[PDB]
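Here the structure comes first, spelled out in structure tokens, and everything after it is commentary.
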Amino acid sequence: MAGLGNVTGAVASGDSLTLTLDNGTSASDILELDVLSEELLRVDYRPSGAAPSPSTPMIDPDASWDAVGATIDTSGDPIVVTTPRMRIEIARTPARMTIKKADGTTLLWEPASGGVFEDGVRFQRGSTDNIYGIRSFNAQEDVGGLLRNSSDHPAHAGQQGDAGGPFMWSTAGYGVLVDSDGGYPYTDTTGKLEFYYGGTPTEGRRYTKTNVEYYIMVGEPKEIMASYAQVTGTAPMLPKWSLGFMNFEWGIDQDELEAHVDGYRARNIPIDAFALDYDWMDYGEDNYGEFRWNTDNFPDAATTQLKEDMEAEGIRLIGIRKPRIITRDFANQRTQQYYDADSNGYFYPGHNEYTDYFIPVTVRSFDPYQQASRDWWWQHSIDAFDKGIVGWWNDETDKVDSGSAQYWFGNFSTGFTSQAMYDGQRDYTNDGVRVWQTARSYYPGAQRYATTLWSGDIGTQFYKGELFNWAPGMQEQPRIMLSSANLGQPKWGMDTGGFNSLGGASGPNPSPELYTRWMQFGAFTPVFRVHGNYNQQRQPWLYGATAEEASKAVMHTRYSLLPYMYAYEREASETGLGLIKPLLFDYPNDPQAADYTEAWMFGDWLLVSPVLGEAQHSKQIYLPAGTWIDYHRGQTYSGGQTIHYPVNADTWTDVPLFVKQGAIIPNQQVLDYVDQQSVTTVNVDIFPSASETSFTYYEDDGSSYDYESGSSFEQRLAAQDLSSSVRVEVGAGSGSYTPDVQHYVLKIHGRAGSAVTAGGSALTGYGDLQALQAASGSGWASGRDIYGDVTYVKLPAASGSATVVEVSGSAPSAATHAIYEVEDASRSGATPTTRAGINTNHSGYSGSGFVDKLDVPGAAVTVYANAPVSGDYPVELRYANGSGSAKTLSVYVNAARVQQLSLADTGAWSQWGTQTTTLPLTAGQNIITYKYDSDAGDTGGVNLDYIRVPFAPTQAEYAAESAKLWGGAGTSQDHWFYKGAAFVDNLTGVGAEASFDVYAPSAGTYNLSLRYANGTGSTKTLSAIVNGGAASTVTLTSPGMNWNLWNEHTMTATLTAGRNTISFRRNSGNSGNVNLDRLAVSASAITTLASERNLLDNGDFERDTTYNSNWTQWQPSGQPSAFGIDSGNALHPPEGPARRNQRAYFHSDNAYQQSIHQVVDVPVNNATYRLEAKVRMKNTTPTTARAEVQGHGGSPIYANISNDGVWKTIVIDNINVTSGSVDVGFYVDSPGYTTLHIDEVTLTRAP
Amino acid sequence: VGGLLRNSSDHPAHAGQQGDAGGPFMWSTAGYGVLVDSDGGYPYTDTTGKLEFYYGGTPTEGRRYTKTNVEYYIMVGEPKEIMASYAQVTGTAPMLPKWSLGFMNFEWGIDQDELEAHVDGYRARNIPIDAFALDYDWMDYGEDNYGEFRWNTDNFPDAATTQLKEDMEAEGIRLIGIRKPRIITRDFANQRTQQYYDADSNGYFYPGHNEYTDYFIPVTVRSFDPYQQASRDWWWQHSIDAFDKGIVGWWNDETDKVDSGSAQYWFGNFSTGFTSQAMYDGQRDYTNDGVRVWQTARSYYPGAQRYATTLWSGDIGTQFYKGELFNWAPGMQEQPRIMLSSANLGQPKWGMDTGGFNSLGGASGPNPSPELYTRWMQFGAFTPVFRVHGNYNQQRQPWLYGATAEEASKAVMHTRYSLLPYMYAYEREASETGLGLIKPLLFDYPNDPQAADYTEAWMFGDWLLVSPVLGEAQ
Ligand SMILES: OC[C@H]1O[C@H](O[C@H]2[C@H](O)[C@@H](O)[C@@H](O[C@H]3[C@H](O)[C@@H](O)[C@@H](O[C@H]4[C@H](O)[C@@H](O)[C@@H](O[C@H]5[C@H](O)[C@@H](O)[C@@H](O)O[C@@H]5CO)O[C@@H]4CO)O[C@@H]3CO)O[C@@H]2CO)[C@H](O)[C@@H](O)[C@@H]1O
Ligand SMILES: OC[C@H]1O[C@H](OC[C@H]2O[C@H](O[C@H]3[C@H](O)[C@@H](O)[C@@H](O[C@H]4[C@H](O)[C@@H](O)[C@H](O)O[C@@H]4CO)O[C@@H]3CO)[C@H](O)[C@@H](O)[C@@H]2O)[C@H](O)[C@@H](O)[C@@H]1O
Ligand SMILES: OC[C@H]1O[C@H](O[C@H]2[C@H](O)[C@@H](O)[C@@H](O[C@H]3[C@H](O)[C@@H](O)[C@@H](O[C@H]4[C@H](O)[C@@H](O)[C@@H](O)O[C@@H]4CO)O[C@@H]3CO)O[C@@H]2CO)[C@H](O)[C@@H](O)[C@@H]1O
Ligand SMILES: OC[C@H]1O[C@H](O[C@H]2[C@H](O)[C@@H](O)[C@@H](O[C@H]3[C@H](O)[C@@H](O)[C@@H](O[C@H]4[C@H](O)[C@@H](O)[C@@H](O)O[C@@H]4CO)O[C@@H]3CO)O[C@@H]2CO)[C@H](O)[C@@H](O)[C@@H]1O
Ligand SMILES: OC[C@H]1O[C@H](OC[C@H]2O[C@H](O)[C@H](O)[C@@H](O)[C@@H]2O)[C@H](O)[C@@H](O)[C@@H]1O
Ligand SMILES: OC[C@H]1O[C@@H](O)[C@H](O)[C@@H](O)[C@@H]1O
Ligand SMILES: OC[C@H]1O[C@@H](O)[C@H](O)[C@@H](O)[C@@H]1O
Ligand SMILES: OC[C@H]1O[C@H](O)[C@H](O)[C@@H](O)[C@@H]1O
Ligand SMILES: [Ca+2]
Ligand SMILES: [Ca+2]
Ligand SMILES: [Ca+2]
Ligand SMILES: [Mg+2]
Ligand SMILES: [Mg+2]
Ligand SMILES: [Mg+2]
Ligand SMILES: [Mg+2]
Ligand SMILES: [Mg+2]
Ligand SMILES: [Mg+2]
Ligand SMILES: [Mg+2]
Ligand SMILES: [Mg+2]
Ligand SMILES: [Mg+2]
Ligand code: NI
Ligand code: NI
């Protein structure tokens, strides 16, 4: 903010004066004065004499003046420039300009304190001078006058009729013009006249200048304005017709235009032009519609006829133009104009796609408060109801928001709108079709008219402020749901996936992660629904195989629970209490339940706590008083504590779900929809408590209000754990509805009885659940499941009298495996009529049948199998192959392709064999799929009978990142070659630790293997603490100064049956400073885990793209990279990953070559390896697109990728590695607009 | 989004909007509840132990049920008992169809072919689903004859009959349809609708809610960059056909700022000049300097005048002055100050929407009165770019405003057109000095304090001083 220094040199030449100014350096400042006319001076200040920047488009590039012949006198102090109209004085010490009229009258001057400087100009002038220019006023502003005597408004073009610029002038005889892209003029009534470049203005700044170029005008206003036009340009003459009257109009076609023109002409009212708004053009359409005449409105503009006919009537035509293009037509297709603009870089910088509206309609709110209004509303809805609208999604019964229209609906508007449909539909159908509605507000009483509540236009984000601050996201929704429950509206839902994004409907869809977690959450809420903004899609398969399979899996859980859930729908008709409730309902006196919203009750007997955090590796879950059983993993927890709950961030398969001891949970086979068939057997899972508990099973027609006059069915089920037996009562049937249920299968957990009695009779024992299910009439059986010992009891439902069953004794099963009959499992395929099938037409099968039709591409069967801990499970597949030769099927686990199974001929279709494969299962639910994947080279063509899954793994694994971290230990992805989603780092402070919860079947000595990195260069130590016992030293050598190298530390530990704690901690004697990845646990020697076969780093591209990986890239010198990694969720529709959250892409709009490569040293040289990957190609066919294996000892091996649009598996087998390393890669040569996606790349040791 | 606790609450009891819920219901896990019968109002709690509820003043949402008595309910029990007693007083919930426990796919942007494809995709994969909900897509919203209640058979051909319902039912799919508590009162062709006549004659509109202009058909757009020569060449190239077929003047709107939902993008200060340059350079090249360029824009920055553009004052109000009918846009009386401010910045080629653009209720709001229209026309005739404009489907022909508006408009128009050779000399002057057809008095009288901020009269060329009557009933 300092002024210029002393003049140290002055060089006159013609009409120019060049001053050198002292700034205390060898690169002195330069001030160039040029006398352009007798009354116009140009000044160019160049800090340190640097070359001037280009002038902005303010300046006329062709401006030209005659020689003035000014007198420049540098002989004294001040230096003096004179013309007949002005006298410019520059004082030497320091340099300050004074501008005067030729007669010596002072106009303006640079004050002592400072004039021109690096960021602007500063003048002083008469305090009473009137200043003009700078700014005008827009159509949304208070409109001031002409005077600018106390102004700090910026210089800008502005909006809505505004005008402005760096031009300040006075009627006292001077003007100042500064070349600038925006900036900040300043005036006040002490006499300041200043202009600052300042910070980037609101409108942006695309022309920056290091010099300060300005112009000083002397004269009367007309002379000042003429000088302004000399500098910035005069105006070209408009056509003479433009002095005439013009009629601008919006809402006009050719007939109306002709009528208007006739109207003027008939009346001798002169007029020269009509201006046509949107009407004239095909705005919204492809092929440059926003430049094309709309021949529906103006038929004669198909040719020059309209122009010529209007010209003959003396009418010229003006057309509205918007500085934008339509990037999606009315059918949601990318337009030609989009492709052209996008490929050439013609979009305004910083301006993304957005939603416009240009077709107005006029509307007015109806009043639902009036009975006659409600009758009318209903009467006009009957036709839509008859033709299929059987649920009413009543939107915007709350508030209008449109321009000046900001109207509120009253508090009873939702209730009354709901009443209109409720009363109407009930009368019209004679109470024969139940009403379903949703609204986005609730007020007491509205519930009488059969309406749910949804949470409105929530944001597509994890939480409020993650991506934008103006709407809450997923994490807030439990608090909204439970607040609604606390107001007596438990029938609640949300837009799963979110509605709003940055950029409106064109903004991004949820990431696959956000989508998957939101679906798991929504499945345990009352009104389970996806929604999105205009032309957004929310189908689960669009978000990749994890989202698809995890969403499917949790939906199967929800539908299996239909009989459980439906009792709560009945309960809401009696007490208003519904399917969800906050913990505080059950625990009014528990302070940790008082505000608790991260978990809630789903019915009376299940506590759910969905994983809602991005990249979440574990959860802290408050369990209130009682005993809780993990639904998916089987272990028990005592209540009244916060538990640490490991989750697998790699698979997304966990939905933390806990059975409340006392639970009686009716459940059934999974249907595609609620009345797809009659369910004649209802399972009842019972977890007995020492106090009696009960659940009243309920059926009715699901459809009418017949239940109101007694047409329903119920049976009270009750249970109690006694000193040495369990008693279960199935009460007498009650009510007039004949239920579909014929038998209950009681699954009584916690005891495998030696006898089951009822009414003086010991029930007939059967060998297993299958034999019991096949028996007519009552019986029992026993077994083992994930929870432990279980007793099965099959009984008739709907008896007129109560049945009391008692399970006594203890005779635990010796079974080592669970059996899953695949005919009971999930059958899918490419189309609804090409799904895998059920059959019985060959003998020798277990259970009720086997699965066939695995001989059309895409046919599959999926089993949901629970595991107590993560690890290796050898899973046996029973199958038949009477084809004459071996056949292949893919086995997928948690959406990853684990192996191609080669299934040998079994000699005949009625002869069965078994294939056992070690599967990497995760703790809790696992998704095991056997599929005919023709695009991976499978043949299909076998029949499958069942799988057998061991209750215990051969060896277990526990991820460090999911362990309980303390003392500064954290998770990270900032080094290479970790397993799972992350590793543990920052074991630096004393007390830093990772504590694992390890499960053992029996007391004894177990082997441990701890995967760790130590890149310090020297041996480091931690302590191992088992079950809080004495610390033992863990000594961890360093393989060198490289944090991408991992090793195993082996040791043993003495464990007890059940849960053990094993902590690795920096105690005060220890050095720490290692990273931990995984703890493996076995009774035998530990070998490579099935989950850890992949030799590549970041082969699945799942790493946060802030962090790098062992992948490298290449493109031709001079070409921009065509490669990146993201989720594909910004696209409409999404182009998702093959698995989990992310995939690599190659894409450019113009011709390109691109590769990525990764080199790894193999563990065993002179051995065979195998590359597998998922690849998808779309859009333009490239010249070359391939996977590549090279550097292995042999010549390059190629596998081509062909343009389809679908994910395919590419395999390069039999890689004979003799060099000790392999380069795997992907390469594309494209003429332009080829998209390749790459995901799930694995390099493994192959037999 | 807060928590569940309401220990220090003064938020009103209302239905609210956008997923909200509320009511005069305040209860505790300490063993009691209070329910007050009320239409809105003001519950109050604090940590000194207050549990209060006030009817108070009329809330934001209105109040249509007022009460002189105070009716309330006290509940005693554990939370489930309190909630059961709440349901006794305010009602239990009717059982919903059993299919509503299933998964539902809601969707906006869907027709029959896509719905069938979605359902097939779920069924093929054994992903359970019971219902699809259809947005605007399902109905003829915007059309006459109760279009906002009627199936859209362009999107859903089989909903001409019960066929769609029955085929979807066969696949285990129930259909939900979106409803808006409003009717279209003017269809796409600007005709009053049957549903308007029926609602209006029976008094079925929400009290206090006047009709208003709304939009429902989205389009996706993106701003072009006029700063780049290649972009300007492209923009002009695609304009040639329109020009050949009669668009000889370029009304360049919205070169200033985008305003759409979250999209609030500014164009830079040279956007008007460069947009203008695209058409100017292009048209001059294409016609070999044979056809003069005419343009208008709604912003100005120095230098833009080189490319043959005028300036108009934007979406001004149909009113005499700012705050006459509404406060959010200026009216007629402010316009001379805007015109003369533009002149002081070297852009004297200025115009305005004579008649005004904006009204209360948007496009469906009132036209100018005959008086406003007549005076505005007289004013406009002594300004440089003389033009009427109005909002969507509004009309500005002078004969629609009665014989005084017609005859007085005609008369002043005859004066303007008689002055063509006077005016045209000033058009030539602007090519030499930038000075145009209008100027404030202070250009001629720089030392007169009475002229220093004077805008109620101005010079029309050098030799005429004009002072239009702009006051109502003046
Ligand atoms: O004497 C009575 C008078 O006093 C008070 O005003 C005086 C100020 O308090 C005082 O600071 C001084 O103001 C100077 C200022 O110090 C100086 O920096 C300059 O201000 C420029 C910025 O330098 C320039 O960057 C630009 O600022 C932009 C900014 O870049 C942009 O990022 C954004 O934030 O907007 C800003 C503009 O709003 O422009 C400003 C000028 O607007 O010059 C100032 C004026 O010389 O002197 C003031 C009196 O002269 C009282 O407040 C005032 O009412 C009384 O009349
Ligand atoms: O690499 C240069 C590239 O960077 C930016 O885009 C990165 C983007 O690239 C890929 O997206 C492609 C799709 O794969 C193509 O299918 C195509 O998508 C369009 C699709 O064909 C239409 O049907 C759909 O409705 O609209 C989309 C366009 O929105 O084009 C996009 C590129 O725009 C890749 O799959 C993505 O993961 C990745 O984010 C930059 O935006 C590009 O302009 C640039 O070329
Ligand atoms: O952890 C955060 C870091 O993340 C990124 O680091 C990457 C690098 O980009 C890779 O180059 C590689 O680094 C290796 C390195 O290649 C290897 O030579 C070795 O480096 C030693 C070095 O030999 C030794 O003399 C001394 O300088 O220490 C180095 C390391 O401690 O080992 C590196 C790995 O440890 O992989 C890492 C990720 O592990 C990012 O680029 C870094 O800026 C960032 O710090
Ligand atoms: O104990 C702490 C506080 O106690 C005191 O506040 C009192 C007020 O004095 C009472 O008047 C009352 O406030 C009510 C008010 O009576 C009632 O009308 C309503 O106010 C509405 C208003 O009607 C409406 O038009 C709009 O303006 O919003 C208002 C609500 O914000 O509701 C009020 C309660 O919220 O009760 C309170 C609390 O007992 C004391 O004055 C405070 O300073 C003190 O902090
Ligand atoms: O492809 C495996 C398949 O082989 C036999 O069936 C062949 C063929 O028989 C009928 O035509 C069926 O309708 C088709 O679906 C079959 O492809 C075995 O009988 C069958 O069990 C096995 O799955
Ligand atoms: O009808 C279009 C949109 O309108 C909004 O008011 C609703 O809240 C959305 O659910 C709906 O998709
Ligand atoms: O195109 C519709 C309307 O768009 C607005 O941005 C313009 O300012 C109006 O003059 C025009 O009638
Ligand atoms: O000191 C130990 C730490 O050293 C380095 O910062 C490593 O990047 C980190 O992984 C490790 O935890
Ligand atoms: Ca079987
Ligand atoms: Ca790990
Ligand atoms: Ca991936
Ligand atoms: Mg010269
Ligand atoms: Mg003064
Ligand atoms: Mg600078
Ligand atoms: Mg019209
Ligand atoms: Mg005619
Ligand atoms: Mg057309
Ligand atoms: Mg769609
Ligand atoms: Mg079909
Ligand atoms: Mg129709
Ligand atoms: Ni402004
Ligand atoms: Ni609220």
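Here, A, B, ... name the chains of the structure tokens in the order displayed, residue numbers run from 1 inside each chain, and ligands are numbered from 1 in the same displayed order.
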
Could I get the residue neighbourhood of ligand 17 at 8 Å, counting only C-alpha atoms and all ligand atoms, as a PyMOL selection string? chain A and resi 281-282+289+292-296

Write out as a PDB file with C-alpha atoms, in the first residue's frame which residues come within 12 Å of residue 119 in chain B when counting only C-alpha atoms, dropping same-chain ones fewer than 2 positions away.
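Output file out.pdb is given in full below:
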```pdb
ATOM      1  CA  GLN A 539     -31.906 -50.632  -9.143  1.00  0.00           C
ATOM      2  CA  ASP A 672     -40.396 -62.717  -4.586  1.00  0.00           C
ATOM      3  CA  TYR A 673     -43.473 -60.866  -3.352  1.00  0.00           C
ATOM      4  CA  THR A 831     -34.190 -63.473 -17.583  1.00  0.00           C
ATOM      5  CA  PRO A 832     -37.234 -64.447 -15.479  1.00  0.00           C
TER       6      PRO A 832
ATOM      7  CA  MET B 104     -40.778 -50.666  -3.278  1.00  0.00           C
ATOM      8  CA  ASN B 105     -38.932 -48.914  -6.147  1.00  0.00           C
ATOM      9  CA  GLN B 112     -44.040 -48.827 -19.575  1.00  0.00           C
ATOM     10  CA  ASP B 113     -41.103 -50.452 -21.439  1.00  0.00           C
ATOM     11  CA  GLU B 114     -38.675 -49.397 -18.688  1.00  0.00           C
ATOM     12  CA  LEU B 115     -41.008 -50.483 -15.843  1.00  0.00           C
ATOM     13  CA  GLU B 116     -41.331 -53.933 -17.494  1.00  0.00           C
ATOM     14  CA  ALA B 117     -37.523 -54.130 -17.888  1.00  0.00           C
ATOM     15  CA  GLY B 121     -34.405 -57.454 -13.740  1.00  0.00           C
ATOM     16  CA  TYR B 122     -35.624 -57.950 -10.129  1.00  0.00           C
ATOM     17  CA  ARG B 123     -37.471 -61.231 -10.922  1.00  0.00           C
ATOM     18  CA  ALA B 124     -34.561 -62.684 -12.933  1.00  0.00           C
ATOM     19  CA  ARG B 125     -32.197 -62.117  -9.993  1.00  0.00           C
ATOM     20  CA  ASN B 126     -34.680 -63.324  -7.259  1.00  0.00           C
ATOM     21  CA  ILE B 127     -34.452 -59.868  -5.641  1.00  0.00           C
ATOM     22  CA  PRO B 128     -37.845 -59.490  -3.971  1.00  0.00           C
ATOM     23  CA  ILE B 129     -40.043 -56.503  -4.796  1.00  0.00           C
ATOM     24  CA  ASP B 130     -43.771 -55.824  -4.343  1.00  0.00           C
ATOM     25  CA  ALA B 131     -44.347 -52.307  -5.708  1.00  0.00           C
ATOM     26  CA  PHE B 132     -43.317 -49.630  -8.135  1.00  0.00           C
ATOM     27  CA  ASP B 167     -50.271 -57.818 -16.173  1.00  0.00           C
ATOM     28  CA  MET B 168     -48.294 -56.150 -13.327  1.00  0.00           C
ATOM     29  CA  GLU B 169     -50.486 -57.899 -10.700  1.00  0.00           C
ATOM     30  CA  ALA B 170     -49.680 -61.188 -12.504  1.00  0.00           C
ATOM     31  CA  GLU B 171     -45.976 -60.407 -11.931  1.00  0.00           C
ATOM     32  CA  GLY B 172     -46.583 -59.561  -8.220  1.00  0.00           C
ATOM     33  CA  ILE B 173     -46.302 -55.771  -8.714  1.00  0.00           C
ATOM     34  CA  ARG B 174     -48.644 -53.199  -7.228  1.00  0.00           C
ATOM     35  CA  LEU B 175     -48.569 -49.650  -8.553  1.00  0.00           C
TER      36      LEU B 175
END
```

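The contact shell of ligand 15, defined as all polymer residues within 8 Å when only C-alpha atoms and all ligand atoms are used, comprises residues 249, 250, 251, 252, 253 and 256 of chain A; 392, 393, 394 and 395 of chain B.
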
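With atom 28 (O, counted along the ligand's line) of ligand 4 on one side and CA of residue 63 in chain B on the other, the separation reads 13.9 Å.
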
Considering only C-alpha atoms, return as a ChimeraX atom specification whatever protein or nucleic-acid residues lie within 12 Å of range 141-144 of chain B, sequence-local ones (same chain, fewer than 5 positions apart) excluded. /A:359-363 /B:135-136,149-153,178-180,182-197,213-217

Surroundings of ligand 5 up to 7 Å, based on only C-alpha atoms and all ligand atoms, as an mmCIF file with C-alpha atoms, in the first residue's frame:
```cif
data_model
loop_
_atom_site.group_PDB
_atom_site.id
_atom_site.type_symbol
_atom_site.label_atom_id
_atom_site.label_comp_id
_atom_site.auth_asym_id
_atom_site.auth_seq_id
_atom_site.Cartn_x
_atom_site.Cartn_y
_atom_site.Cartn_z
ATOM 1 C CA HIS A 842 -33.171 -88.255 -11.380
ATOM 2 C CA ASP A 852 -31.032 -78.053 -12.665
ATOM 3 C CA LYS A 853 -31.262 -75.591 -15.603
ATOM 4 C CA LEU A 854 -27.634 -74.593 -14.962
ATOM 5 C CA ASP A 855 -27.270 -74.918 -18.738
ATOM 6 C CA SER A 883 -22.740 -85.452 -19.633
ATOM 7 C CA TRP A 909 -27.490 -88.239 -13.913
ATOM 8 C CA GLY A 941 -24.452 -78.255 -17.424
ATOM 9 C CA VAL A 942 -24.497 -79.994 -14.020
ATOM 10 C CA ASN A 943 -27.122 -80.609 -11.321
#
```

Near residue 228 in chain A, counting only C-alpha atoms, which residues have an atom at most 10 Å away, once you skip same-chain residues fewer than 6 positions from it, shown as a PDB file with C-alpha atoms, in the first residue's frame?
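Wrote it out as around39.pdb, contents follow:
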```pdb
ATOM      1  CA  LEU A  40      -6.498  12.010 -23.110  1.00  0.00           C
ATOM      2  CA  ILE A  59      -9.551  -1.845 -24.814  1.00  0.00           C
ATOM      3  CA  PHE A 167     -14.837   4.231 -15.224  1.00  0.00           C
ATOM      4  CA  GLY A 175     -12.360  11.136 -15.924  1.00  0.00           C
ATOM      5  CA  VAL A 176     -10.406   7.995 -15.015  1.00  0.00           C
ATOM      6  CA  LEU A 177     -10.618   4.688 -16.860  1.00  0.00           C
ATOM      7  CA  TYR A 215      -6.470   6.661 -18.868  1.00  0.00           C
ATOM      8  CA  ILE A 216      -7.043  10.223 -17.711  1.00  0.00           C
ATOM      9  CA  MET A 217      -9.594  12.346 -19.585  1.00  0.00           C
ATOM     10  CA  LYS A 222     -19.315  14.917 -23.832  1.00  0.00           C
ATOM     11  CA  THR A 234     -17.330   3.370 -30.764  1.00  0.00           C
TER      12      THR A 234
ATOM     13  CA  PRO B 302     -16.736  -1.488 -21.196  1.00  0.00           C
ATOM     14  CA  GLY B 303     -15.866  -2.652 -24.708  1.00  0.00           C
ATOM     15  CA  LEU B 345     -21.140   4.257 -18.455  1.00  0.00           C
ATOM     16  CA  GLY B 346     -21.049   4.817 -22.243  1.00  0.00           C
ATOM     17  CA  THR B 433     -18.093   9.427 -30.395  1.00  0.00           C
ATOM     18  CA  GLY B 434     -20.222   6.783 -28.642  1.00  0.00           C
TER      19      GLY B 434
END
```

Which residues, written as a PyMOL selection string, have at least one atom at most 10 Å from residue 16 in chain B, with only C-alpha atoms counted and residues fewer than 6 positions away on the same chain left out? (chain A and resi 397-399+408-411+440-443) or (chain B and resi 22-23+40+60-61)

Skip residue 968 in chain A itself and residues of its chain fewer than 5 positions away, then list as a PyMOL selection string all residues within 8 Å of it, counting only C-alpha atoms. chain A and resi 986-989+992-993

Could those residues be written to a file, using N, CA, C and O atoms, as a PDB file, in the first residue's frame?
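Final output, saved to selection-v1.pdb:
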```
ATOM      1  N   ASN A 986       0.736 -46.209  13.356  1.00  0.00           N
ATOM      2  CA  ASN A 986       0.809 -45.296  14.511  1.00  0.00           C
ATOM      3  C   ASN A 986       0.843 -46.080  15.839  1.00  0.00           C
ATOM      4  O   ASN A 986       0.143 -45.740  16.802  1.00  0.00           O
ATOM      5  N   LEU A 987       1.640 -47.148  15.880  1.00  0.00           N
ATOM      6  CA  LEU A 987       1.954 -47.850  17.134  1.00  0.00           C
ATOM      7  C   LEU A 987       3.231 -47.229  17.730  1.00  0.00           C
ATOM      8  O   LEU A 987       4.240 -47.894  17.930  1.00  0.00           O
ATOM      9  N   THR A 988       3.145 -45.937  18.014  1.00  0.00           N
ATOM     10  CA  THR A 988       4.297 -45.105  18.314  1.00  0.00           C
ATOM     11  C   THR A 988       4.349 -44.744  19.792  1.00  0.00           C
ATOM     12  O   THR A 988       5.401 -44.841  20.415  1.00  0.00           O
ATOM     13  N   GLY A 989       3.221 -44.329  20.356  1.00  0.00           N
ATOM     14  CA  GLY A 989       3.176 -43.982  21.768  1.00  0.00           C
ATOM     15  C   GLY A 989       3.046 -45.203  22.646  1.00  0.00           C
ATOM     16  O   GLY A 989       2.403 -46.193  22.264  1.00  0.00           O
ATOM     17  N   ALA A 992      -0.090 -47.673  22.838  1.00  0.00           N
ATOM     18  CA  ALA A 992      -0.721 -47.932  21.538  1.00  0.00           C
ATOM     19  C   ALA A 992      -0.927 -49.432  21.382  1.00  0.00           C
ATOM     20  O   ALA A 992      -0.024 -50.201  21.669  1.00  0.00           O
ATOM     21  N   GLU A 993      -2.125 -49.843  20.972  1.00  0.00           N
ATOM     22  CA  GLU A 993      -2.430 -51.255  20.828  1.00  0.00           C
ATOM     23  C   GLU A 993      -3.552 -51.560  19.861  1.00  0.00           C
ATOM     24  O   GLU A 993      -4.373 -50.701  19.536  1.00  0.00           O
TER      25      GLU A 993
END
```

Please identify all protein, DNA and RNA residues within 9 Å of ligand 3, counting only C-alpha atoms and all ligand atoms, and report them as a short mmCIF file (atom, residue, chain, number, x, y, z; two decimals) with C-alpha atoms, in the first residue's frame.
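The new file selection.cif reads:
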```
data_model
loop_
_atom_site.label_atom_id
_atom_site.label_comp_id
_atom_site.auth_asym_id
_atom_site.auth_seq_id
_atom_site.Cartn_x
_atom_site.Cartn_y
_atom_site.Cartn_z
CA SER A 972 -4.26 -46.46 6.96
CA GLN A 973 -3.92 -47.27 3.24
CA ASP A 974 -0.68 -45.26 2.74
CA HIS A 975 1.60 -48.25 2.04
CA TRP A 976 1.32 -51.08 -0.50
CA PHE A 977 0.53 -54.82 -0.24
CA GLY A 1015 10.51 -50.55 7.43
CA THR A 1016 12.65 -48.84 10.10
CA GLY A 1017 15.73 -50.87 9.11
CA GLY A 1040 14.90 -53.45 5.18
CA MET A 1041 13.94 -49.82 4.77
CA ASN A 1042 10.68 -50.43 2.86
CA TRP A 1043 7.17 -50.24 4.32
CA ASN A 1044 5.66 -52.21 1.37
CA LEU A 1045 7.22 -55.48 2.66
CA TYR A 1107 -2.98 -42.84 -2.04
CA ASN A 1108 -0.91 -44.44 -4.80
CA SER A 1109 -0.23 -48.10 -5.54
CA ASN A 1110 2.17 -50.45 -7.36
#
```
